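Here is target_36.txt, consisting of compact mmCIF, C-alpha atoms:
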# COMPACT_ATOMS: atom_id res chain seq x y z
CA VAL A 1 50.71 61.66 -53.53
CA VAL A 2 53.77 60.64 -51.51
CA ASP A 3 56.89 62.78 -51.83
CA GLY A 4 60.61 62.09 -51.47
CA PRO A 5 61.40 62.31 -47.73
CA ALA A 6 58.40 60.15 -46.83
CA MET A 7 59.60 57.14 -48.80
CA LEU A 8 63.17 58.23 -48.12
CA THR A 9 62.40 57.40 -44.48
CA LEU A 10 61.65 53.84 -45.65
CA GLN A 11 65.25 53.48 -44.39
CA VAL A 12 63.70 52.14 -41.14
CA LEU A 13 62.75 48.84 -42.88
CA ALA A 14 65.99 47.37 -41.51
CA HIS A 15 64.71 47.42 -37.93
CA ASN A 16 61.55 45.28 -37.77
CA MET A 17 60.07 42.95 -40.38
CA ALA A 18 58.20 39.67 -40.85
CA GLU A 19 59.54 36.60 -42.62
CA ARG A 20 56.49 34.59 -43.74
CA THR A 21 53.05 33.51 -42.61
CA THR A 22 52.28 30.38 -40.61
CA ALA A 23 49.01 28.53 -40.10
CA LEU A 24 48.28 28.23 -36.38
CA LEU A 25 46.17 25.27 -35.29
CA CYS A 26 45.62 24.80 -31.56
CA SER A 27 42.32 23.06 -30.84
CA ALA A 28 40.12 23.10 -27.78
CA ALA A 29 37.69 21.10 -25.66
CA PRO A 30 34.22 21.90 -24.29
CA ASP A 31 34.35 24.08 -21.23
CA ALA A 32 33.99 23.41 -17.60
CA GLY A 33 30.25 23.70 -17.88
CA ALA A 34 29.50 21.44 -20.85
CA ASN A 35 32.25 18.84 -20.45
CA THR A 36 30.40 15.61 -19.77
CA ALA A 37 31.23 11.99 -20.53
CA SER A 38 30.02 12.12 -24.12
CA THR A 39 31.54 15.54 -24.66
CA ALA A 40 34.96 14.58 -23.29
CA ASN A 41 35.92 13.10 -26.66
CA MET A 42 34.86 16.32 -28.37
CA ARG A 43 37.44 18.64 -29.88
CA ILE A 44 37.05 21.82 -31.92
CA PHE A 45 39.88 22.82 -34.26
CA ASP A 46 40.55 26.50 -35.04
CA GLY A 47 42.79 27.66 -37.88
CA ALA A 48 44.52 31.00 -38.35
CA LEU A 49 47.54 32.42 -40.16
CA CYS B 1 0.22 -8.21 29.04
CA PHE B 2 1.66 -9.44 32.36
CA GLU B 3 -0.43 -6.72 34.01
CA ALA B 4 1.28 -3.92 35.93
CA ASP B 5 -0.67 -1.24 37.80
CA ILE B 6 0.08 2.26 39.06
CA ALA B 7 -2.48 3.55 41.55
CA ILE B 8 -3.72 7.10 42.02
CA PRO B 9 -1.86 7.74 45.30
CA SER B 10 -3.21 10.84 47.04
CA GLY B 11 -6.02 13.15 45.98
CA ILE B 12 -7.18 14.58 42.66
CA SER B 13 -7.51 17.99 41.09
CA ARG B 14 -10.88 17.47 39.46
CA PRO B 15 -10.00 18.74 35.94
CA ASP B 16 -6.61 17.01 36.22
CA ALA B 17 -8.37 13.65 36.50
CA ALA B 18 -9.56 14.42 32.97
CA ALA B 19 -5.97 15.32 32.10
CA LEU B 20 -5.05 11.70 32.83
CA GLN B 21 -7.84 10.60 30.48
CA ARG B 22 -6.38 12.31 27.39
CA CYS B 23 -2.98 10.72 28.08
CA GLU B 24 -4.26 7.31 26.98
CA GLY B 25 -1.75 5.78 24.62
CA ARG B 26 1.24 7.69 25.99
CA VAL B 27 4.42 6.30 27.55
CA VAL B 28 5.49 6.12 31.21
CA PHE B 29 9.11 5.44 32.09
CA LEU B 30 8.95 3.37 35.28
CA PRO B 31 12.35 2.03 36.39
CA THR B 32 11.08 -1.40 37.52
CA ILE B 33 8.78 -4.37 36.97
CA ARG B 34 6.07 -4.09 39.63
CA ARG B 35 2.60 -5.38 40.36
CA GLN B 36 1.97 -2.02 42.09
CA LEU B 37 4.05 1.17 42.29
CA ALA B 38 3.67 4.74 43.51
CA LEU B 39 3.44 7.67 41.13
CA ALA B 40 6.53 9.35 42.62
CA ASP B 41 9.12 7.64 40.41
CA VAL B 42 6.94 8.32 37.35
CA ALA B 43 7.33 12.06 36.84
CA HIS B 44 10.21 14.26 35.71
CA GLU B 45 11.23 15.01 39.31
CA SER B 46 12.46 11.41 39.33
CA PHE B 47 14.15 12.08 35.98
CA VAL B 48 16.03 14.91 37.70
CA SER B 49 19.19 13.43 39.21
CA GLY B 50 20.92 14.62 42.37
CA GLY B 51 20.52 18.39 42.36
CA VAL B 52 20.49 18.82 38.56
CA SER B 53 18.02 18.09 35.75
CA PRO B 54 19.22 16.20 32.65
CA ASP B 55 19.69 17.82 29.27
CA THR B 56 18.03 16.38 26.15
CA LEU B 57 21.14 14.26 25.74
CA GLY B 58 21.11 13.36 29.43
CA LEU B 59 17.43 12.47 29.18
CA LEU B 60 18.51 10.04 26.46
CA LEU B 61 20.89 8.66 29.05
CA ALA B 62 18.11 8.93 31.62
CA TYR B 63 15.74 7.07 29.29
CA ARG B 64 18.53 4.52 28.87
CA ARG B 65 18.30 2.90 32.30
CA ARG B 66 14.54 3.00 32.80
CA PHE B 67 11.65 0.98 31.35
CA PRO B 68 8.95 2.40 29.02
CA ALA B 69 5.33 1.41 29.65
CA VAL B 70 2.12 1.83 27.63
CA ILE B 71 -0.98 3.40 29.15
CA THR B 72 -3.64 0.76 28.54
CA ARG B 73 -6.71 1.71 30.60
CA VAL B 74 -7.31 4.66 32.92
CA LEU B 75 -9.22 4.11 36.16
CA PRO B 76 -9.86 6.73 38.86
CA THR B 77 -8.09 4.29 41.22
CA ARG B 78 -5.22 2.95 39.11
CA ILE B 79 -3.52 3.15 35.72
CA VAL B 80 -2.72 -0.20 34.11
CA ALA B 81 0.58 -0.14 32.25
CA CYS B 82 1.97 -2.89 30.04
CA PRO B 83 5.73 -3.55 30.35
CA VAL B 84 7.11 -2.85 26.81
CA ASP B 85 10.42 -4.62 27.54
CA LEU B 86 8.67 -7.93 28.30
CA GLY B 87 4.91 -7.79 27.83
CA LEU B 88 4.73 -6.83 24.16
CA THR B 89 3.15 -10.25 23.44
CA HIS B 90 -0.02 -8.65 22.11
CA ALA B 91 -1.87 -10.05 19.14
CA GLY B 92 -4.45 -7.47 20.20
CA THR B 93 -1.67 -4.93 19.42
CA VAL B 94 -2.03 -2.65 22.47
CA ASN B 95 -2.51 0.87 21.24
CA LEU B 96 -0.38 4.00 21.50
CA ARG B 97 -0.95 7.73 21.01
CA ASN B 98 1.07 9.62 18.40
CA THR B 99 1.98 13.01 19.86
CA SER B 100 4.20 14.38 17.10
CA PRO B 101 4.09 16.96 14.28
CA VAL B 102 5.09 14.35 11.67
CA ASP B 103 2.46 12.27 9.87
CA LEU B 104 4.43 9.10 9.89
CA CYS B 105 4.00 6.29 7.26
CA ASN B 106 2.75 2.73 7.50
CA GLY B 107 5.54 0.37 8.48
CA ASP B 108 7.90 2.73 10.31
CA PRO B 109 9.90 1.51 13.27
CA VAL B 110 9.10 3.93 16.09
CA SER B 111 11.61 4.94 18.74
CA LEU B 112 11.05 7.34 21.61
CA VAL B 113 12.72 10.75 21.90
CA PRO B 114 12.43 13.28 24.79
CA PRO B 115 10.38 16.42 24.10
CA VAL B 116 12.84 18.77 22.43
CA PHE B 117 10.46 20.37 19.93
CA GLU B 118 9.79 24.10 19.87
CA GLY B 119 6.02 23.75 20.20
CA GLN B 120 5.18 20.22 21.34
CA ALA B 121 6.62 20.46 24.93
CA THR B 122 3.97 17.88 26.16
CA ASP B 123 4.00 19.68 29.50
CA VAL B 124 1.04 18.74 31.70
CA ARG B 125 1.14 19.91 35.31
CA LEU B 126 -0.29 18.41 38.50
CA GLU B 127 -0.48 20.70 41.53
CA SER B 128 -2.27 18.51 44.09
CA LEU B 129 0.49 15.96 43.54
CA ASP B 130 3.34 18.36 42.80
CA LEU B 131 4.78 16.71 39.68
CA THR B 132 5.89 17.68 36.17
CA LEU B 133 5.29 15.40 33.21
CA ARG B 134 7.30 15.23 29.99
CA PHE B 135 5.90 12.66 27.63
CA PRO B 136 8.29 11.25 25.03
CA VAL B 137 7.62 12.05 21.39
CA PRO B 138 7.21 8.90 19.27
CA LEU B 139 8.85 9.44 15.88
CA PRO B 140 9.95 7.40 12.85
CA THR B 141 13.42 5.98 13.36
CA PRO B 142 15.43 7.51 10.43
CA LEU B 143 13.99 10.86 11.47
CA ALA B 144 14.91 9.83 15.01
CA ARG B 145 18.46 9.05 13.89
CA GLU B 146 18.63 12.42 12.15
CA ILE B 147 18.03 14.18 15.47
CA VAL B 148 20.48 12.58 17.90
CA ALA B 149 23.46 13.25 15.62
CA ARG B 150 22.52 16.94 15.59
CA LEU B 151 22.20 17.39 19.33
CA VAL B 152 25.51 15.73 20.25
CA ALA B 153 27.37 17.68 17.55
CA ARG B 154 25.69 20.82 18.83
CA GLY B 155 27.22 19.84 22.17
CA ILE B 156 30.47 19.10 20.37
CA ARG B 157 30.35 22.81 19.54
CA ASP B 158 29.81 23.35 23.27
CA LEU B 159 33.41 22.23 23.91
CA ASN B 160 35.18 24.51 21.43
CA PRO B 161 34.08 28.11 20.65
CA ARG B 162 37.46 29.85 17.65
CA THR B 163 34.87 30.16 14.91
CA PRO B 164 32.76 33.32 14.45
CA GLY B 165 29.33 33.36 16.11
CA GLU B 166 27.42 32.60 12.91
CA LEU B 167 27.50 28.82 13.16
CA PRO B 168 25.24 26.40 11.27
CA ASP B 169 22.51 26.05 13.86
CA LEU B 170 21.87 22.29 13.48
CA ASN B 171 18.30 23.45 14.03
CA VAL B 172 16.56 23.12 10.64
CA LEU B 173 15.17 19.67 9.85
CA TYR B 174 13.79 18.23 6.61
CA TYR B 175 11.02 15.67 6.07
CA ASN B 176 9.65 16.11 2.49
CA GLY B 177 9.17 19.84 3.31
CA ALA B 178 8.33 20.70 6.90
CA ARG B 179 10.98 23.03 8.32
CA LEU B 180 11.46 22.04 11.96
CA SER B 181 13.22 24.15 14.61
CA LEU B 182 14.12 22.58 17.96
CA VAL B 183 15.26 23.93 21.33
CA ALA B 184 18.90 24.80 22.13
CA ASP B 185 18.95 26.04 25.71
CA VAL B 186 21.38 24.04 27.86
CA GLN B 187 24.09 21.48 27.14
CA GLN B 188 25.32 19.57 30.19
CA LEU B 189 28.88 18.42 29.65
CA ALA B 190 28.94 14.86 31.01
CA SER B 191 25.93 13.92 28.89
CA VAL B 192 27.87 15.28 25.93
CA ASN B 193 31.20 13.78 27.02
CA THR B 194 30.11 10.17 27.59
CA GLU B 195 28.13 10.32 24.35
CA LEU B 196 31.16 11.74 22.56
CA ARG B 197 33.53 9.04 23.83
CA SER B 198 31.48 6.11 22.55
CA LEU B 199 31.34 7.99 19.25
CA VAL B 200 35.13 8.04 19.42
CA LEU B 201 35.81 4.59 20.84
CA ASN B 202 33.48 2.69 18.52
CA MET B 203 34.95 4.45 15.49
CA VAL B 204 38.34 3.22 16.69
CA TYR B 205 37.47 -0.48 16.45
CA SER B 206 35.56 -0.01 13.20
CA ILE B 207 38.89 0.47 11.38
CA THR B 208 40.95 -2.69 10.77
CA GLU B 209 43.95 -3.85 8.77
CA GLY B 210 42.20 -4.67 5.50
CA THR B 211 40.21 -1.43 5.82
CA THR B 212 43.27 0.51 4.64
CA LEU B 213 43.12 -0.83 1.07
CA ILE B 214 39.73 0.89 0.59
CA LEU B 215 41.32 4.29 1.35
CA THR B 216 43.32 3.99 -1.88
CA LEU B 217 40.13 4.24 -3.97
CA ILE B 218 39.25 7.75 -2.75
CA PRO B 219 40.38 9.30 -6.09
CA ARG B 220 38.45 6.48 -7.77
CA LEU B 221 35.24 7.91 -6.25
CA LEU B 222 35.40 11.20 -8.13
CA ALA B 223 36.05 9.41 -11.42
CA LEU B 224 32.43 8.28 -11.28
CA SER B 225 31.36 11.82 -10.37
CA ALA B 226 31.32 13.48 -13.78
CA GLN B 227 29.94 10.50 -15.71
CA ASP B 228 26.68 9.42 -14.02
CA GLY B 229 23.79 10.64 -11.94
CA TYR B 230 23.71 8.28 -8.98
CA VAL B 231 27.27 8.79 -7.75
CA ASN B 232 27.23 12.58 -8.13
CA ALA B 233 24.06 12.70 -6.05
CA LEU B 234 25.60 10.25 -3.57
CA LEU B 235 28.69 12.45 -3.23
CA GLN B 236 27.63 15.24 -0.88
CA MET B 237 28.72 18.82 -1.40
CA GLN B 238 29.25 19.39 2.34
CA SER B 239 31.51 16.36 2.55
CA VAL B 240 35.20 15.86 3.30
CA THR B 241 35.31 13.37 0.40
CA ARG B 242 35.37 16.23 -2.10
CA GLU B 243 37.85 18.01 0.17
CA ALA B 244 40.36 15.22 0.84
CA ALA B 245 41.24 14.47 -2.80
CA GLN B 246 43.42 17.59 -3.04
CA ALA B 247 49.63 3.00 -1.20
CA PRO B 248 49.21 -0.74 -0.31
CA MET B 249 52.03 -0.30 2.29
CA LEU B 250 52.87 -3.92 1.59
CA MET B 251 53.42 -5.63 5.04
CA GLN B 252 51.93 -8.80 3.53
CA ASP B 253 51.91 -11.67 6.05
CA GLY B 254 50.42 -14.94 4.85
CA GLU B 255 47.77 -13.39 2.51
CA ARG B 256 45.18 -16.12 3.24
CA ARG B 257 42.99 -14.37 5.80
CA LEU B 258 40.60 -12.58 3.40
CA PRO B 259 41.74 -9.07 4.42
CA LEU B 260 39.09 -7.14 2.48
CA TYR B 261 36.25 -9.33 3.73
CA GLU B 262 37.40 -8.95 7.32
CA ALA B 263 37.36 -5.17 6.94
CA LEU B 264 33.61 -4.90 6.36
CA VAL B 265 32.88 -7.07 9.40
CA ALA B 266 34.32 -5.04 12.26
CA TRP B 267 33.46 -1.77 10.57
CA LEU B 268 29.82 -2.89 10.69
CA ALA B 269 30.38 -4.01 14.29
CA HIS B 270 30.82 -0.49 15.64
CA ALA B 271 30.31 2.08 12.88
CA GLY B 272 27.34 -0.03 11.79
CA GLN B 273 25.95 0.42 15.31
CA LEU B 274 25.89 4.16 15.91
CA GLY B 275 22.22 5.05 16.14
CA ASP B 276 21.28 2.57 18.85
CA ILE B 277 24.25 2.92 21.18
CA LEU B 278 23.66 6.67 21.38
CA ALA B 279 19.85 6.66 21.50
CA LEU B 280 17.05 4.39 22.66
CA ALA B 281 16.28 1.02 21.12
CA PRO B 282 13.37 0.86 18.67
CA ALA B 283 10.76 -1.74 19.56
CA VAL B 284 7.57 -0.11 18.22
CA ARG B 285 6.43 -0.63 14.65
CA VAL B 286 3.59 0.98 12.70
CA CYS B 287 0.90 -1.56 11.82
CA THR B 288 -2.68 -0.51 10.99
CA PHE B 289 -5.21 -3.19 10.14
CA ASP B 290 -7.61 -1.09 8.05
CA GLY B 291 -5.10 -0.48 5.26
CA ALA B 292 -4.60 3.14 6.27
CA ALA B 293 -1.21 4.15 4.89
CA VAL B 294 -0.51 7.00 7.36
CA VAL B 295 -1.45 7.81 10.97
CA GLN B 296 -2.56 11.35 11.85
CA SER B 297 -1.16 13.56 14.60
CA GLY B 298 -3.10 12.65 17.72
CA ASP B 299 -4.34 9.30 16.44
CA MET B 300 -4.34 5.89 18.13
CA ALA B 301 -2.10 3.65 16.05
CA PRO B 302 -1.94 -0.12 16.63
CA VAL B 303 1.48 -1.23 17.82
CA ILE B 304 3.39 -4.42 17.07
CA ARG B 305 6.64 -5.86 18.29
CA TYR B 306 10.44 -5.31 17.76
CA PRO B 307 11.61 -4.38 14.21
Could I get this file's structure written as structure tokens?
Amino acid sequence: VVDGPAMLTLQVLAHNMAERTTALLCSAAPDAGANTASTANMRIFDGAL
Amino acid sequence: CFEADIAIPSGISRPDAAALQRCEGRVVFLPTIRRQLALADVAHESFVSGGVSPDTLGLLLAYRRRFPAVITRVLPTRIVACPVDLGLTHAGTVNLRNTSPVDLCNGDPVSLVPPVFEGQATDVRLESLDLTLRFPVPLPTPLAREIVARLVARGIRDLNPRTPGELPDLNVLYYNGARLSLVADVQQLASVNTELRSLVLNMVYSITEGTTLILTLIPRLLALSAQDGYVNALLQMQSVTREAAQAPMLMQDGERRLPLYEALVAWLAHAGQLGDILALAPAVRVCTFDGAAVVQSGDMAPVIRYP
């Protein structure tokens, strides 16, 4: 149940919007605290839209 | 032995004759080589210079230019002392008394240190012959070299104040456990100053031309730090090496002089000799015949020659 002047105020769509989604991939290393010689080659990838 | 005697000069306090009996195996600093000598130059009143008594760094400098001697046999007439500097030719291994809180090892070089301990003063008093006696404390030599660096640097902090009063005391020692506290009462300046200058002047000559190439590899040191055990334990936390990290300077004349090999020579010439130019020379070595691996506090250890 949504009346006229609610969706009439959908006029404000012109101000902000979003174009499309984008997969973000920025990986990481072990921390200061587990970063040793064998773990220096270690990477962990994380994906998100 | 090349026998040297010291007679009992004048009178006896009758228990104090027994006090000379339980000093068998101790050390007398007599500033000579005599066939007979009075007991006046023996005691600490002779260690006292003109007007003033030496500090525990001055007593190092006072034990510099005198001669140690081993109590061999105690008579009521004389005391036979064997001249350590020459007459150490003893296959009988003339015996010494360990007066020290540390149970030593077998095989330690033993050097002599003035009494600076909090509870082993070694003060025995004679009142018929008005004399004061400080026996030196025989100790193992790395533990001996851990002491003399403390006491000069404690007197280095006697030159400059600046810092807040909570200083690191230089007064907690470590041998396998065994928290040791020593005495910090007086620091005479000239005993500090002449000891400080040879610490400066020797460290001058121990740097050379080819020494400078080694200074480039200071960031190379911390590259081994996070990838092994040995280096990370070698790199001290209270070190300037972890602090200074936060280059050939060409000048190349001739290049056939072996510049890196010549660096380790003169560095070892003066920075390699820092324990013995500040303190006394070690000539006493632990050597027990029975296979005993340690020597108790108060024991009579057999003594062999220069290490």
With a distance threshold of 10 Å and counting all atoms listed in the file, extract the residues of chain A near chain B and express them as a JSON list (two decimals) with C-alpha atoms, in the coordinates of the input.
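Listing of iface-v2.json after writing:
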[["chain", "number", "residue", "atom", "x", "y", "z"],
["A", 35, "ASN", "CA", 32.25, 18.84, -20.45],
["A", 36, "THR", "CA", 30.40, 15.61, -19.77],
["A", 37, "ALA", "CA", 31.23, 11.99, -20.53],
["A", 38, "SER", "CA", 30.02, 12.12, -24.12],
["A", 40, "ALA", "CA", 34.96, 14.58, -23.29]]
Residues at most 12 Å from residue 88 in chain B, counting all atoms listed in the file, excluding those fewer than 5 positions away in the same chain, as JSON, numbers by chain? {"B": [1, 2, 3, 68, 69, 70, 81, 82, 83, 93, 94, 95, 283, 284, 285, 303, 304, 305, 306]}
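Taking CA of residue 302 in chain B as the reference point, CA of residue 96 in chain B is found at 6.6 Å.
The space between CA of residue 25 in chain A and CA of residue 41 in chain A spans 18.1 Å.
Considering the residues B:156, B:167, B:269, B:113 and counting all atoms listed in the file, residue 64 in chain B has its shortest atom-to-atom contact with B:113.
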I'd like the interatomic distance between CA of residue 262 in chain B and CA of residue 220 in chain B, to a tenth of an Å. 21.6 Å
Can you tell me which residues surround range 29-39 of chain B at a distance of at most 8 Å, considering all atoms listed in the file, apart from same-chain residues fewer than 4 positions away, and format the answer as a VMD selection string? chain B and resid 3 to 9 43 63 65 to 69 83
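Closest approach to residue 215 in chain B among B:233, B:17, B:260, B:200: B:260, based on all atoms listed in the file.
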Is it possible to add N, CA, C and O atoms to range 70-86 of chain B and hand it back as a JSON list (two decimals), in the frame of the given file?
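The resulting file, result-v1.json, is shown below:
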[["chain", "number", "residue", "atom", "x", "y", "z"],
["B", 70, "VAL", "N", 3.23, 1.32, 28.43],
["B", 70, "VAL", "CA", 2.12, 1.83, 27.63],
["B", 70, "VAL", "C", 0.91, 2.02, 28.53],
["B", 70, "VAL", "O", 0.51, 1.10, 29.24],
["B", 71, "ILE", "N", 0.31, 3.22, 28.50],
["B", 71, "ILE", "CA", -0.98, 3.40, 29.15],
["B", 71, "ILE", "C", -2.03, 2.58, 28.41],
["B", 71, "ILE", "O", -2.25, 2.76, 27.20],
["B", 72, "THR", "N", -2.65, 1.65, 29.13],
["B", 72, "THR", "CA", -3.64, 0.76, 28.54],
["B", 72, "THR", "C", -5.06, 1.21, 28.87],
["B", 72, "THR", "O", -5.86, 1.47, 27.97],
["B", 73, "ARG", "N", -5.38, 1.31, 30.16],
["B", 73, "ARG", "CA", -6.71, 1.71, 30.60],
["B", 73, "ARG", "C", -6.56, 2.61, 31.82],
["B", 73, "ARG", "O", -5.70, 2.38, 32.67],
["B", 74, "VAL", "N", -7.41, 3.63, 31.89],
["B", 74, "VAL", "CA", -7.31, 4.66, 32.92],
["B", 74, "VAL", "C", -8.50, 4.53, 33.85],
["B", 74, "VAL", "O", -9.65, 4.78, 33.44],
["B", 75, "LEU", "N", -8.24, 4.15, 35.09],
["B", 75, "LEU", "CA", -9.22, 4.11, 36.16],
["B", 75, "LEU", "C", -9.06, 5.35, 37.04],
["B", 75, "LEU", "O", -8.03, 6.02, 37.01],
["B", 76, "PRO", "N", -10.09, 5.70, 37.83],
["B", 76, "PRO", "CA", -9.86, 6.73, 38.86],
["B", 76, "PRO", "C", -9.08, 6.21, 40.06],
["B", 76, "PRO", "O", -8.64, 7.00, 40.90],
["B", 77, "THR", "N", -8.90, 4.89, 40.16],
["B", 77, "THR", "CA", -8.09, 4.29, 41.22],
["B", 77, "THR", "C", -6.68, 3.96, 40.76],
["B", 77, "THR", "O", -5.72, 4.25, 41.48],
["B", 78, "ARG", "N", -6.53, 3.37, 39.57],
["B", 78, "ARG", "CA", -5.22, 2.95, 39.11],
["B", 78, "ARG", "C", -5.03, 3.34, 37.65],
["B", 78, "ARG", "O", -5.94, 3.88, 37.01],
["B", 79, "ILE", "N", -3.83, 3.08, 37.14],
["B", 79, "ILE", "CA", -3.52, 3.15, 35.72],
["B", 79, "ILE", "C", -2.74, 1.90, 35.36],
["B", 79, "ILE", "O", -1.65, 1.67, 35.90],
["B", 80, "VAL", "N", -3.30, 1.09, 34.47],
["B", 80, "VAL", "CA", -2.72, -0.20, 34.11],
["B", 80, "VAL", "C", -1.73, 0.02, 32.98],
["B", 80, "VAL", "O", -2.09, 0.51, 31.90],
["B", 81, "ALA", "N", -0.47, -0.35, 33.22],
["B", 81, "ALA", "CA", 0.58, -0.14, 32.25],
["B", 81, "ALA", "C", 1.15, -1.49, 31.83],
["B", 81, "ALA", "O", 1.24, -2.41, 32.65],
["B", 82, "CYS", "N", 1.52, -1.61, 30.56],
["B", 82, "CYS", "CA", 1.97, -2.89, 30.04],
["B", 82, "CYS", "C", 3.47, -2.81, 29.79],
["B", 82, "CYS", "O", 3.92, -1.92, 29.05],
["B", 83, "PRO", "N", 4.26, -3.70, 30.38],
["B", 83, "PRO", "CA", 5.73, -3.55, 30.35],
["B", 83, "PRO", "C", 6.38, -3.88, 29.01],
["B", 83, "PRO", "O", 6.66, -5.05, 28.74],
["B", 84, "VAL", "N", 6.55, -2.85, 28.17],
["B", 84, "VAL", "CA", 7.11, -2.85, 26.81],
["B", 84, "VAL", "C", 8.30, -3.79, 26.63],
["B", 84, "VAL", "O", 8.38, -4.53, 25.64],
["B", 85, "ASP", "N", 9.22, -3.79, 27.61],
["B", 85, "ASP", "CA", 10.42, -4.62, 27.54],
["B", 85, "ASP", "C", 10.11, -6.11, 27.57],
["B", 85, "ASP", "O", 10.81, -6.89, 26.91],
["B", 86, "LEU", "N", 9.07, -6.53, 28.29],
["B", 86, "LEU", "CA", 8.67, -7.93, 28.30],
["B", 86, "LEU", "C", 7.32, -8.14, 27.62],
["B", 86, "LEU", "O", 7.22, -8.87, 26.63]]
